[PDB]
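In: need a structure here:
(2 chains, ligands or ions: 4)
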Protein chains: 2
Amino acid sequence: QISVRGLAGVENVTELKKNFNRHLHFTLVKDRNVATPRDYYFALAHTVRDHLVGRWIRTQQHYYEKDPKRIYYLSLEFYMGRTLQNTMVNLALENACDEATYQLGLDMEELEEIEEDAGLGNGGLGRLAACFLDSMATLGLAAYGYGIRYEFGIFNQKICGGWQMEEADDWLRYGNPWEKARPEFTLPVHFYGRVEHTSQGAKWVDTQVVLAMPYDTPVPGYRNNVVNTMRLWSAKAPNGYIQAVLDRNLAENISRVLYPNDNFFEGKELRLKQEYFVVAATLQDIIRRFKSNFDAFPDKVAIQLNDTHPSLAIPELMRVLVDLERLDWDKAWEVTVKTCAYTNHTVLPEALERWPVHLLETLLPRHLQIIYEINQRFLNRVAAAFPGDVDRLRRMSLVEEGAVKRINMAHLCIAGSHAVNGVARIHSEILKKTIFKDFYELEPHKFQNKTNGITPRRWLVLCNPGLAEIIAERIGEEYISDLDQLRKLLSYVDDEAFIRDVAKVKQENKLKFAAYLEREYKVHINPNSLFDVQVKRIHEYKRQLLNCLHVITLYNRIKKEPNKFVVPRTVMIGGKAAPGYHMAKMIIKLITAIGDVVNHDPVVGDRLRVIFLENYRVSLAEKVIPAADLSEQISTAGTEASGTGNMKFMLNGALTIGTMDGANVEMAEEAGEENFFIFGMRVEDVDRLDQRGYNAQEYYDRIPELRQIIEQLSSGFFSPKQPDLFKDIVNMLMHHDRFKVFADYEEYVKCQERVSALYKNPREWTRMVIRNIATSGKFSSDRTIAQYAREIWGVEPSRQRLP
Amino acid sequence: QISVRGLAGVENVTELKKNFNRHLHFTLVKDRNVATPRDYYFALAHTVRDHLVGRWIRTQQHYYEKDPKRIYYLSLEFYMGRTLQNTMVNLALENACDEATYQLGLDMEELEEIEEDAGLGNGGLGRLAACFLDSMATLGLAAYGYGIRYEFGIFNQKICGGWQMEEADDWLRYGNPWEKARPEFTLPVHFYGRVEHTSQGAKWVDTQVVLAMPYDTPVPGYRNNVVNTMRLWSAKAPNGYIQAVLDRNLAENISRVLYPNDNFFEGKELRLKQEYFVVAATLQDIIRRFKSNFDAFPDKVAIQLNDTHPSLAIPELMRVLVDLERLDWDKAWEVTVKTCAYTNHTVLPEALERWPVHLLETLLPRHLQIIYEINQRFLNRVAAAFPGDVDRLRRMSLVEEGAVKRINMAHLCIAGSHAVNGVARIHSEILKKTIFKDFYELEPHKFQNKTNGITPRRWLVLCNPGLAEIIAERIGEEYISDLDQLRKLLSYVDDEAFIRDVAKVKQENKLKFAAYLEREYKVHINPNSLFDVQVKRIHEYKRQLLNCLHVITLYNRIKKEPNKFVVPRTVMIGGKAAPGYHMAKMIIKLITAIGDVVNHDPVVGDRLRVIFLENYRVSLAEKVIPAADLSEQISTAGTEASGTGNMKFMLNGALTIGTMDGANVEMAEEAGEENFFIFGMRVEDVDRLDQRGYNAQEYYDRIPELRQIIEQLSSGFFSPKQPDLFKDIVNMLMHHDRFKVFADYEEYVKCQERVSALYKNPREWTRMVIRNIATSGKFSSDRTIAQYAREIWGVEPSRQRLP
Ligand SMILES: O=C(N[C@@H]1Cc2ccccc2[C@H]1O)c1cc2cc(Cl)sc2[nH]1
Ligand SMILES: O=C(N[C@@H]1Cc2ccccc2[C@H]1O)c1cc2cc(Cl)sc2[nH]1
Ligand SMILES: *Cc1c(COP(=O)(O)O)cnc(C)c1O
Ligand SMILES: *Cc1c(COP(=O)(O)O)cnc(C)c1O
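Out: Residues are numbered from 1 along each chain as shown, chains lettered A, B, ... in the order given. Ligands and ions are numbered 1, 2, ... in the order given. Now the structure:
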C-alpha cells in the first residue's frame, strides 16, 4: 500500500511468479515439497537479477559508443551490505515482488533476512565507497569501483560472558548470485624479483607471479536504467608433488581476509601485497580499455585514491609508462599527476601508512627506485621555491629518517596528485593550516574540500519506507534523487497531521526493532522509553567511555533519590573492536558489566536499561537507526574527520547530542544550532589544554559525582568476582587519556538533562525533529559526487534515463 | 545423418536455439559480439542440463515411493571424463543440438573440446566406478556413488626435454555446470580426541571437527528417463586473528588433491584422513535416509567397497550402531556383515594397505578399539574351526607383528563382509587358491568372481559413432543396452559390404586422430601405417620396457637389411607415471630418446616412427582407441588382475597382442584363440622360473639381437650427450627384474612378425576384426552390474523406462 514502492501490475506479477517457479525448478533443482527457506530466497534473487542484465549490457555498450571520460574509484574496502532490496528499489520492482511472493504464500521480508551482508569494509571509509558507487550510477557517470574480493569480510562478532569473540565471516559459503566471474579478463601480478638494464632501459625480472581473476557486480542507478560495475579481484596460483599443490594456498592467501584495523597502521607484509595486488591488476585493466599517444590519457581517465591504501598506483603508473610504453620520465609524470587524485580520511598519526624501505626494496624493488626519483625531483621543486629552507625539505620529503627508514605514503600521494581533499569543511581547513601546511604553501591550488554524504536510497527509502511515504504524500517523489527538496518540509512545522504522522512512524519503527531483539536474542526492551543510541567502531577517540560515565551517573542519581521522576531510557551501544586493540575490548566488557548491575536492580526496574548490540554491520544499521530517538556523536573536538553515521540519524528522525567536530558542525549550520544538542570543548579549547598540559586529577578533585564513579570502577562495584578487572581503564583515564574524557563530563551531563527536558514535551520534540529532517538535504552523496565530478574529475553529471 | 544420434525435430531444434540464446544472455551476460568460445560451450551445457532436471526430481521421488533396497558404491575415485556428449547421447539430443548449433553458426565438436575432464581417478579402478554408475542407471537400480570432490584431479602431464613434468589439474577454475551444491545436507566429521566411559558405554570426545559439504552430479541412464546421483564431499572449516583465518586451509586440505599412486601404498596421514572423511559423512547420510529396528537395515542397504580404500566403513558402522544407537555388539555385527561387500583389484604386495597402529590410535582411537575387538572374535572363530593351527591364526590376524605393528585392511574387509570378489576369472581363482586361501577354507561361500566390464555408451556410441552406425544398419539399436546381440555380426564375416564398411570406418578414425596430432602438437604421422598402441599407467608390471625392446629390434633389423620390405608402423605409447616413481619416469625418457634416433634416421624415413602421447586421460582414450589397429596388453602373466583398456580396444576394431593374463584369457575364450595374438609365459611357467631362480644373464648370453640392444643402451647410443643416462634401467633388467622382461622377448618378437604378416592381407585382417567385435558382448558393464545385483546385493535389474 505504500506508493513509493511502485506499481504491482497484473502482467508483471504473473510473470514474476512464473520466473520464480522456473528458477526454483531449473536453478535450485527443487519442488515446493522439499524447498528450503534459503532455496526460496535464491529463487527470488535470480528472478530479480534477470531484470538487471539487459540494462547492464546496454549501459556498457552506451559508454563505448559515447566514449566519455571514465572514472576509476580505487579502494581496499567496499562496505556494501545486502543487494536484493536495493536492486528492487532502484528498478521499481519492490511492490510487484512483494505481491508475487505473497500470492505464492511467502513473506518477502523473511526471505530478505537470509542474504549475507557483503561486509567488505571496516566502517566509515568503506561505507563511503559503497554510497559513492550508488550516487555515480544515479548521476549517469561512466564509473567503475575497483577492489579485492575477500573470501572473509569483517569478522562476525559474538558476545560471550560480556566479552567480544571473533568468528570468520564465511559470506560466500552458499554462493553469491550478485557476482559474475570474468575468466577472459584474468591478469598476472608480479612480486619480488630484481631490476636489470637492457639496450632500452630498466627491466623487472625473476618475479613470482600471482593471477588476478576479476568478479563483476552490477550497480543500479535510481530508476534511470543505468547499471555500472564494481570489479573485485581474487587471487589464484599460476599453474614433493603433494606439498607443491597444497602450497598454492600461500599465493591465494592474498585475497583471503579483510584486515580489521579501522584507524591504525600495523605494517604487515601481507597487507602491502593486498595493496599492490589491487593496484597492478586495476591499472592493467585501465590501460587496455584506454587502448581499445598517452597525451590524451588524463582526458579519458581519472583515478581516485580512497586514502593512501592504493597509493602505489602512482609509482605503478610511472613504471608502466616509462619501462613498458617507453615514454620519457617528464612526459610520464605530467600524465600521472593529471590522472590521479587523493582523498584523506583522518589526522590521527598512528593511522598514517609509513612503510619500511627494506620491505619495499625486497617486495617491489623497481617501485622503490621510482619513489626515490620522484622524491629527488619533488624536493628540487621545493628547494627552488623556498631557497635555503632546509627544515622544510626534511618535513616534506617522501623519505622519513630514523632507526628504520620509511616511505610516508601521504607525502607520495600529494606529490603525485593534481587534487587533495579532506572529507568535511573543518578537516579540509586543518589540512591546509597545520597537517599539510608546507604542501599547501607550495601548491595551494591542489587543496580542496568534499564534505561526505550518504545515499538516500539505502538510508531512507529502503530502511524507512514509512518516513519516505509521509514525505512523498506532501512533496512528491522528486526528493529521492534531489534531496535538497526536503527543505519544503519546513512549511509543515505547525501542520497537525504531519506532526502526528512523523511521531507515528518513529513509534512503528521502535516497535519493529523491539520485536527483532525479542525474536533473535530474547531481549525485552521498554517500548515507552527514549532510545539512546551510539553505534560506530569502538575507539578511544569516539569516547564510548564518556557515554559509560553518563549511564552510571543516571544510575547513581536514581539510587540517591528513588522517588524523583526521570524520563525512561534504553541506552544502546554497539560496534566492533579490532582483535588486537586491548583497551577497546575492555570498553566492550565495561558496557556489559554496567548492564549486569543496572538491568537487575529492582529500585531501577524499567526506568533505565543499558544493552550492547551484537554484530553491528550495514544490515543492523538499517534496522536500529530508523528506531533511534537520540544520536550520540561525542568524539573529542578535532578527532573525527567527518563522520557519516551522524548523517544517517538526522535523515531518519533522531535528534543529535554532539561536539563541534567533523560534519557535526555543518549539520548544525544547516538546521540551526537551536535544533542541535551541542556541548563540550571546541578545537580551540582542546589546543589550550594541550599547551598547559591535561591534568585529569583536577577534574576528579573538583567533581564529587565523578569521584563516586571512579571509586566504583576501582573498588570492584562493577566486577565483584574480579575487583581489579577495570584497573587499566581507571589508570588510562587518570594518567594517560589522550582524549580528555573528564574535561567534557560536566557539560555532557548537563546537555543530557536538556535532552530529557525536551522529551517530556512530545509535540516540541517532534517539531525539532521536523526541522532536522527538513535540513538534511546537503548530506546526500549525490551532492558530494556532483562536486567530485565538476571540481576534480572534469565531468558533468546527468540524471537522464536510458531507454 | 547418422540415425543412432537421434531425431532433429523442428520444434525441438527451434526450442534449443531459443534456450541457448536465453542462457547466453541471462546466465553468461553476453551478446553475440563479445561472446567467447567458452561462453558458447557454457550456453550449450546449461541448455542440455535443463533437460535433466524433471527426470532427476521424478526419479528420486519414485525411489522414495517404491522404497527399493538402495545401493551405495563407495570409492576414493570416480574417473568420469567429460559430461556434455554423454548427457546428449543418453537423452537422445545429439542430432538436435548439432543442428541447432549449426543453424547458429557454431561447430558443436569445437564447443565439446572446451570442457575439462573430471579426472578424479588414476586408472582402471577409478574408471570402473564411472562405468558402473552408468550401467546402474541404465538398469534402473536405486544406486548412489559416494566419493570426494577433489579440487585438483590427476595431474596434467607435460613432456619437456623428453621428461614428464607435473602441473596442477585446476578443473573447476571456470565453474562446473554439472554439479549442484547441497547446503542443507552438510555434516560434521570428527578427528583425533579420546575415548571415555559414561553410565551408557563408550563416548568419543574432545575431537577436532571438519565439515563435509556434498555436491550432487546427475547420472543419466540410456533412454529410460532414469537419472541417479553421484554425491562427492568437499571439506570446510567449521566457524592471532589473521593467522587463525588462514589456518582454516589446513582442515580444508583434506579434499585438495587426488593422490597419484596407482598401485602403491605410501602410508600418508593425509590419505588416511581422506578415507575416513568419505566414510564418516557417507554413513551418516545412509543412516538418516534409512530412518526417513536395525534388523531390516541390510534389507534396505548395500555398501560396496571399491578396494580397501573405504574399509573404515566396517568399524565406523559398528561405532554408530553400538555407541550411538546402543545396539548390542553381536546384533550390530550381524547387521554390518550383511550390509558390506568388498572388491579386490590387485595381488601385488606393495599395493596392500597396512596402517601403523600408532597412527590409527592417535587419529581414530575408538576405531582402533573396535578393530581389536573384531580381531579377537574373528580369531576365536578360526581357533574353533581349526583347533591347534597356531600359524593359521598368525596368518589370518587383522594385526601384523613387526618393528612397526600394523592393521591389514584387506583382512578387515574379508572379516566384515558377506561377499569378497576378484575382477576376472583367473584373479578370483588365485584369491581362493593362494592369496586368501585360509579365509576361503573358513568361509568358502563368501568368495565370488565378477569379471570387469566397460559401458558401450561412452566406449562405442560416443567415441565411435561411425562403427555404431554400420552395426545398427544391420542389426538395429537394441544392442546398445544388450551388447551380446553383437554375436549376430558373425553372420557377416563373408559379407562384402560389411567388410568394406568396417575398414572404411577404421581409416576415417585414423585420419581424424592424425588431424588432432597435427592441430594440437604439430606432429605428423604416416596415415598408411599400422597404428600400434600401448596406453595405460606406466608400471614395470605392464612392461612398456618389453615394447621398447621390440621397437629397437625393428630399427636394428631395418639397418641390417635396408632393402627388405617391412609393414610401416606408427608405434604410440602413452600414460602417466607416479611423481615419486623413478623407474617409471626413466621409462618415459627412454621412449622419447628412442624416438629421437629412430624418427630422424633417413634410412628409416616413414617406415617406422615411435611417439609418446602426452597427457593420457579419459577424453584422449576416446580419441586414440577408435584409431588403433593393434592393442598392446603385455603384462607378465599373473600381474594384471583384469584390465579394462583391453576391452575398449576389442570393441572398437583393433586386434590384440597379449599374454594369458587377467581378462585377456576370457577375451580369447570368447573370440577363439585363433583370433588373438597370444604369446609368452603362462602363470605356470612364471612360477617354475621362480622356483629355480630367474637369471636374466642366460637370455642375454643366448640371444644375439638382445645383446646388441643392451649394449646400445649401456654405451650411450640412445643418450650421446649423457652416455650413462640409462644405467639404472640396464642394471634392473640384468640383475633385479621382478617381471621377467627378457624371458618373453623371443616369443614377443616372433608374435609381432605374425601381426605384420596378417596386416599385409587387408581382407583377412578385417575378417579377424569382425570376429573380435562380434564377440566383445560379454565385456559390457551391464552384464557385470546385473551379476553384482543378483549375486551380491539381492536386487533385480530393469531396463523399463519411466514416463
Ligand atoms: O554467476 C553467474 N553465472 C554463472 C555462469 C556459470 C558458468 C558455469 C557454471 C554456472 C554458471 C552460472 O552460475 C551470473 C549471472 C549473472 C547475471 C547478473 Cl546481473 S550477475 C550474474 N552472475
Ligand atoms: O549449480 C547449480 N545452481 C546454482 C544455485 C545457485 C545459488 C547461488 C548462486 C548461483 C547458483 C546457481 O549457479 C545447478 C543447477 C543444476 C541443475 C542440474 Cl541437472 S546440475 C545443477 N547445478
Ligand atoms: C555508517 C557506518 C559507519 C560509520 O559511522 P560513524 O558513526 O560515522 O563512524 C560504520 N559502520 C557501519 C555499519 C555504518 O553503516
Ligand atoms: C580404461 C582406462 C585405464 C585402464 O586401462 P588398462 O590398460 O586396463 O590399465 C586407465 N586410464 C584411462 C584414461 C582409461 O580410460
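
In: Surely residue A:752 is within a helix?
Out: Yes - Residue A:752: assigned to a helix according to DSSP: H, G, I helix; E, B strand; the rest coil.

In: Buried residues in stretch A:239-249, which are they?
Out: Within stretch A:239-249, the residues that count as buried by 16 or more other Cβ atoms under 10 Å in any protein chain shown are A:239, A:242, A:245-246, A:248-249. Just so you know, the C-beta spots here come from the backbone N, C-alpha and C atoms, and that holds for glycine as well.

In: Now do the helices in the stretch 601-750 of chain A.
Out: When assigned using DSSP state H, counting those that start in this stretch, the helices of the stretch 601-750 of chain A occupy the ranges A:618-624, A:645-651, A:664-671, A:683-692, A:696-702, A:704-715, A:727-735, A:745-759.

In: In the stretch 351-500 of chain A, which residue sits nearest ligand 4?
Out: At 43.2 Å from ligand 4, residue A:363 is the closest residue in the stretch 351-500 of chain A, using Cβ to the nearest ligand atom.

In: In a helix, residue A:188, correct?
Out: No - read with three-state DSSP, residue A:188 is strand and lies in no helix.

In: That one and residue B:300, how far apart?
Out: Separation of residue A:188 from residue B:300 (Cβ to Cβ, to the nearest Å): 55 Å.

In: tell me the contacts of the residue of chain A found nearest ligand 4?
Out: Using Cβ to the nearest ligand atom, the single residue of chain A nearest to ligand 4 is residue A:241, 18.8 Å away. With contact taken as Cβ atoms under 8 Å, 6 or more residues apart in numbering or on different chains, residue A:241 is in contact with B:155, B:166, B:260, B:579-580.

In: What distance do you get for it to residue B:583?
Out: Between residue A:241 and residue B:583 the distance is 17 Å, computed by Cβ to Cβ.

In: do residue A:51 as well
Out: Distance of residue A:51 to residue B:583, given as Cβ to Cβ: 62 Å.

In: repeat for residue A:400
Out: Separation of residue A:400 from residue B:583 (Cβ to Cβ) stands at 60 Å.

In: And these two? Which one has more around it.
Out: Comparing residue A:400 with residue B:583 by neighbour count (other Cβ atoms under 10 Å in any protein chain shown), the higher total belongs to residue A:400, at 17 against 14.

In: Could I get the full set of helices for the stretch 251-400 of chain A?
Out: Under DSSP H, counting those that start in this stretch, the stretch 251-400 of chain A gives helices at A:269-291, A:297-300, A:313-319, A:329-339, A:357-363, A:365-385, A:390-396.

In: how much does the fourth one deviate in direction from helix A:269-291?
Out: So the one you mean is helix A:329-339. On the basis of axes from the mean of the first three to the mean of the last three Cα atoms, to 10 degrees, helix A:329-339 is oriented at 100 degrees to helix A:269-291.

In: and helix A:329-339, what does it pack onto?
Out: Using 3 or more Cβ pairs under 8 Å, 6 or more residues apart in numbering or on different chains; DSSP states H and E, the elements in contact with helix A:329-339 are helix A:297-300, strand A:301-306, helix A:313-319, helix A:365-385.

In: Pick out the residue of chain A closest to ligand 1.
Out: Counting by Cβ to the nearest ligand atom, chain A gets nearest to ligand 1 through residue A:180 (3.6 Å).

In: ok, now which ones touch that residue?
Out: A:215-217, B:29.

In: what does residue A:88 give?
Out: A:48, A:94, A:97.

In: now the strands for the stretch 101-250 of chain A?
Out: Under the criterion DSSP state E, counting those that start in this stretch, strands of the stretch 101-250 of chain A are mapped to A:118-120, A:143-148, A:156-160, A:163-167, A:180-181, A:187-191, A:194-197, A:202-205, A:208-220, A:227-236.

In: Count the neighbours of the residue nearest to residue A:193 when sequence neighbours are not counted for me.
Out: Counting by Cβ to Cβ, 6 or more residues apart in numbering or on different chains, residue A:193 lies nearest to residue A:207, which is 3.6 Å off, once chain neighbours are set aside. Residue A:207 is flanked by 16 other residues according to other Cβ under 10 Å.

In: How about residue A:33?
Out: Neighbours of residue A:33 (other Cβ under 10 Å): 7.

In: For the residue of chain A positioned farthest from its centre, give me its contacts.
Out: In chain A, the residue that sits farthest from the middle, by Cα atoms, centre = their mean, is residue A:199; the gap is 48.5 Å. Not one residue lies near residue A:199 by Cβ under 8 Å, 6+ apart.

In: possible to save the helices and strands packed on helix A:329-339 as CSV with distance to residue B:719 and mean neighbour count?
Out: Formatted as CSV, those follow (distance: least, Cβ to Cβ, whole Å; neighbours: other Cβ atoms under 10 Å in any protein chain shown):
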stretch, distance to residue B:719, mean neighbour count
helix A:297-300, 56, 16
strand A:301-306, 57, 24
helix A:313-319, 46, 25
helix A:365-385, 42, 17
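
In: so which of the contacts of residue A:88 is the most crowded?
Out: Neighbour max across the contacts of residue A:88 (other Cβ under 10 Å) = residue A:97, 27 neighbours.

In: how close does it get to residue A:47?
Out: The gap separating residue A:97 from residue A:47 is 8 Å, by Cβ to Cβ.

In: next one: residue A:803
Out: Counting by Cβ to Cβ, the separation of residue A:803 from residue A:47 is 23 Å.

In: Identify the residues contacting residue A:492.
Out: By Cβ under 8 Å, 6+ apart, the contact list for residue A:492 reads A:474, A:498, A:770.

In: what does residue A:593 give?
Out: Residue A:593 touches A:162, A:718-719, A:725-726, counting by Cβ under 8 Å, 6+ apart.

In: Then residue A:168?
Out: Applying Cβ under 8 Å, 6+ apart to residue A:168 gives the contacts A:152, A:155-156, A:257, B:237, B:239, B:244-245, B:248.

In: What is the neighbour count of residue A:591?
Out: 23.

In: wait, it sits on residue A:544?
Out: Yes - counting by Cβ atoms under 8 Å, residue A:591 touches residue A:544, with 7.2 Å between them.

In: Give me the common contacts of these two.
Out: Counting by Cβ under 8 Å, 6+ apart, the contacts common to residue A:591 and residue A:544 are residue A:573.

In: before we move on, the earlier item: just grab the bridge partners of the residue of chain A closest to ligand 1 for me.
Out: Here residue A:180 sits in beta bridges with residue A:216, as judged by DSSP bridges.

In: what about the closest residue to residue A:42 other than its chain neighbours, how many neighbours?
Out: Leaving aside its sequence neighbours, residue A:42 sits nearest to residue A:28 (Cβ to Cβ, 6+ apart; 5.7 Å). Applying other Cβ under 10 Å, we find 18 residues neighbouring residue A:28.

In: Secondary structure element for residue A:28, which one?
Out: Using DSSP states H and E, residue A:28 sits in no helix or strand.

In: For residue B:278, state which of the buried residues of stretch A:239-249 is nearest.
Out: residue A:242 (17.9 Å; Cβ to Cβ).

In: Please look at the closest one and residue B:253 and confirm they touch.
Out: No - the criterion here is Cβ under 8 Å, and residue A:242 misses it with residue B:253 at 9.6 Å.

In: Need the residues touching each of the two.
Out: Residues within reach of residue A:242 and of residue B:253 at once, by Cβ under 8 Å, 6+ apart, are residue B:270.

In: which parts of the stretch 601-750 of chain A sit against ligand 3?
Out: Residues of the stretch 601-750 of chain A found near ligand 3 (Cβ under 6 Å from any ligand atom) are A:616-618, A:621, A:643-646, A:648.

In: By neighbours, which of the residues you listed wins?
Out: Busiest of those [other Cβ under 10 Å] is residue A:646, holding 27 neighbours.
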